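Worksheet: one structure, shown below.
Scope of the values below: all heavy atoms of this structure, side chains included, with no hydrogens, waters or symmetry mates. Throughout, residue positions are numbered sequentially from 1 according to the sequence presented.
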Amino acid sequence: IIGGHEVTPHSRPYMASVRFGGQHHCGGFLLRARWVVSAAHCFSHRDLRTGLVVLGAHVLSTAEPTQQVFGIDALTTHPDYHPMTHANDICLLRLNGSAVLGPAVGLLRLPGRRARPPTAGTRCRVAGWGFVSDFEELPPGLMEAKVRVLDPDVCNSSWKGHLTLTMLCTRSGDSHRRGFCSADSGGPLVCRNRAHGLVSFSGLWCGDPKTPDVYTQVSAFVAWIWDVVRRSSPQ
Ligand SMILES: *[C@@H]1O[C@H](CO[C@@H]2O[C@@H](C)[C@@H](O)[C@@H](O)[C@@H]2O)[C@@H](O)[C@H](O)[C@H]1NC(C)=O
Ligand SMILES: *[C@@H]1O[C@H](CO)[C@@H](O)[C@H](O)[C@H]1NC(C)=O
């Protein structure tokens with residue numbers, strides 16, 4: 001997270017850390033006890049068995065008593081995911097057990113099945129354990145930046161017309177660079193307590209207004225998410 005601040009430990013109980021080979025790779029969020037939503041691009045060419053999902057975390061390096069670590073039983077990538085464009089950059093992770101909910105582990109609500117994306121100007125918050133600068137510097141713990149939704153057409157112009165309809169963007173409320181960075185991918189964009197966006201991609205410089213922060217527009221995938229969860233209910 002760029003231009004953010006460290007959160008009060010366990011104040012975002014839905015935050016998930018997706019590890020590969022022991023190291024934190026991407027973010028995600030707890031949807032249900034055995035379901036985590038993350039970004040499709042986080043799992044490309046990766047052996048699922050090398051992956052772990054950490055809930056109830058603050059300081060990733062500490063074996064915190066609130067931490068709940070799980071294995072991935074099944075990765076369901078969006079069938080129409082396009083790595084070249086980041087179209088449909090969403091996936092579901094079925095955990096090898098059910099998270100025990102409490103103060104440090106909770107769920108984040110999805111938008112309405114047919115909800116519109118948030119309008120330009122909507123105040124949102126984005127969290128992660130990704131880089132805090134363009135110098136590959138890791139945060140002390142879970143971090144969060146305050147962002148505002150940016151006009152999708154203005155965003156599309158800055159991205160030289162490569163955005164899809166199911167994408168939304170953000171900007172900082174002020175002159176300071178605020179947004180996500182590498183390893184924040186898959187983490188949610190929370191606007192009025194709903195997961196409206198999911199960290200997808202950005203430019204060479206984190207939070208740079210010339211290459212605005214692009215998110216997967218979550219509301220367009222709610223019907224798909226529930227159909228995956230439901231069809232995997234009997235197992
Ligand atoms: C995004 O914008 C596209 C148009 O972009 C413009 O045309 C291309 C060929 C380049 O010249 C580019 O720099 C221009 O900005 C639209 O075709 C596309 O439908 C738009 N996408 C959405 C979701 O609105
Ligand atoms: C879940 O998977 C991880 C990694 O494969 C493993 O260490 C853990 O024991 C598994 N848990 C259960 C309940 O099978």
Side-chain angles (χ1 to χ4, degrees), residues 12-57 60 67-101 105-111 113 126-130 142 164 166-167 180-190 195-202 214-235:
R12 307 294 182 254
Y14 50 80
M15 284 313 292
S17 176
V18 177
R19 279 180 196 178
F20 278 110
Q23 293 286 278
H24 160 86
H25 174 64
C26 278
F29 75 86
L30 199 64
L31 173 70
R32 283 280 154 87
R34 65 156 62 236
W35 298 88
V36 166
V37 172
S38 198
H41 83 259
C42 294
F43 303 84
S44 298
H45 308 278
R46 290 197 165 273
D47 195 354
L48 263 300
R49 73 170 63 206
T50 73
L52 282 175
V53 184
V54 187
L55 316 154
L60 296 189
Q67 278 179 20
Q68 276 180 79
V69 190
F70 291 95
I72 318 154
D73 257 325
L75 161 74
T76 310
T77 298
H78 193 276
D80 305 317
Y81 166 62
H82 302 296
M84 288 183 73
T85 60
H86 287 77
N88 312 297
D89 185 18
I90 198 173
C91 76
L92 277 149
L93 306 169
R94 179 180 160 89
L95 310 170
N96 71 344
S98 302
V100 190
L101 300 190
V105 192
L107 324 167
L108 176 66
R109 298 266 309 258
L110 287 172
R113 296 163 152 272
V126 58
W129 298 268
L142 179 63
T164 63
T166 61
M167 279 180 193
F180 56 75
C181 208
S182 163
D184 289 327
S185 283
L189 179 70
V190 184
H196 284 279
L198 211 68
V199 175
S200 194
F201 70 93
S202 183
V214 188
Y215 294 88
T216 301
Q217 180 227 324
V218 175
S219 74
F221 301 89
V222 175
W224 174 76
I225 292 159
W226 293 125
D227 209 66
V228 168
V229 171
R230 197 198 213 111
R231 256 96 180 184
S232 313
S233 148
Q235 227 93 102

Problem - Atom CD of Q23 with >12 non-hydrogen neighbours under 6.0 angstrom - result: no

Handout entry: Gap separating the CZ atom of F201 from the CE atom of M167, nearest 0.5 angstrom
Key = 5.0 Å

Completion exercise
Correct closest heavy-atom pair for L107 and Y14 would be C-CB, 4.0 Å

Handout entry: Heavy-atom side-chain proximity of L110 to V218 below 4.5 angstrom
Key = yes

Fill in the blank from the handout: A195 and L108 have their tightest heavy-atom pair at CB-CD2, 3.6 Å

Problem - Separation of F20 CZ from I72 CD1 (nearest 0.5 Å) - result: 5.0 Å

Practice task
Spell out, as yes or no, whether a donor-acceptor pair under 3.5 Å connects the side chain of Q68 to the backbone of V100.
Solution key: yes

Practice task
Of all the heavy-atom pairs spanning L142 and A127, show the shortest one and how long it is.
Solution key: CD1-CB, 4.0 Å

Practice task
Kindly compute the distance separating NE2 (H196) from CD (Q217), expressed to the nearest 0.5 Å.
Solution key: 10.0 Å

Pair up each side-chain donor or acceptor in residues 33-42 with any protein partner under 3.5 Å, not counting sequence neighbours, and list the distances.
{"from": "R34", "atom 1": "NH1", "to": "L95", "atom 2": "O", "distance (Å)": "2.6"}
{"from": "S38", "atom 1": "OG", "to": "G27", "atom 2": "O", "distance (Å)": "2.7"}
{"from": "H41", "atom 1": "ND1", "to": "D89", "atom 2": "OD1", "distance (Å)": "3.3"}
{"from": "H41", "atom 1": "ND1", "to": "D89", "atom 2": "OD2", "distance (Å)": "2.7"}
{"from": "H41", "atom 1": "NE2", "to": "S185", "atom 2": "OG", "distance (Å)": "3.0"}

Completion exercise
Rounding to 0.5 Å, atoms OG1 (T164) and CG (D80) come to a distance of 11.5 Å

Practice task
Could you tell me the separation between the CG atom of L75 and the CG atom of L92, rounded to the nearest 0.5 Å?
Solution key: 9.0 Å

Problem - Test item: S98 and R32 side chains (from C-beta on) under 4.5 Å apart, heavy atoms - result: no

Exercise for the section: Mind checking side-chain contact (heavy atoms from CB on, under 4.5 Å) for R109 and listing every partner two or more places apart, or none if nothing turns up? Expected result: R194

Practice task
Evaluate the side chain to side chain contact (heavy atoms under 4.5 Å, CB included) criterion for residues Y215 and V126: first the C-alpha distance (whole Å), next the side-chain angles of each, then the deciding distance (0.1 Å), finally the verdict.
Solution key: CA-CA 11 Å; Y215 294 88; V126 58; 3.5 Å; yes

Problem - Nearest non-hydrogen partners of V53 and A16, listed with the distance - result: CG1-CB, 4.2 Å

Problem - Note, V190 side chain near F29 side chain (heavy atom, < 4.5 Å) - result: no

Handout entry: Minimum heavy-atom distance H82-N88, with the two atoms named
Key = CD2-ND2, 4.2 Å

Practice task
Could you pull out the closest heavy-atom pair between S17 and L60, with the gap in Å?
Solution key: OG-CD1, 3.4 Å

Handout entry: Flag, side chain of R94 to backbone of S232, donor-acceptor distance under 3.5 Å
Key = yes

Handout entry: Among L52, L55, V54, the one residue meeting side chain to side chain contact (heavy atoms under 4.5 Å, CB included) with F70
Key = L55

Handout entry: Between CG on residue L30 and CZ on residue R12, distance to nearest 0.5 Å
Key = 16.0 Å

Practice task
Look at the rings of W224 and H78 and say which category their plane angle falls in: under 30° parallel, 30 to 60° tilted, over 60° perpendicular.
Solution key: tilted

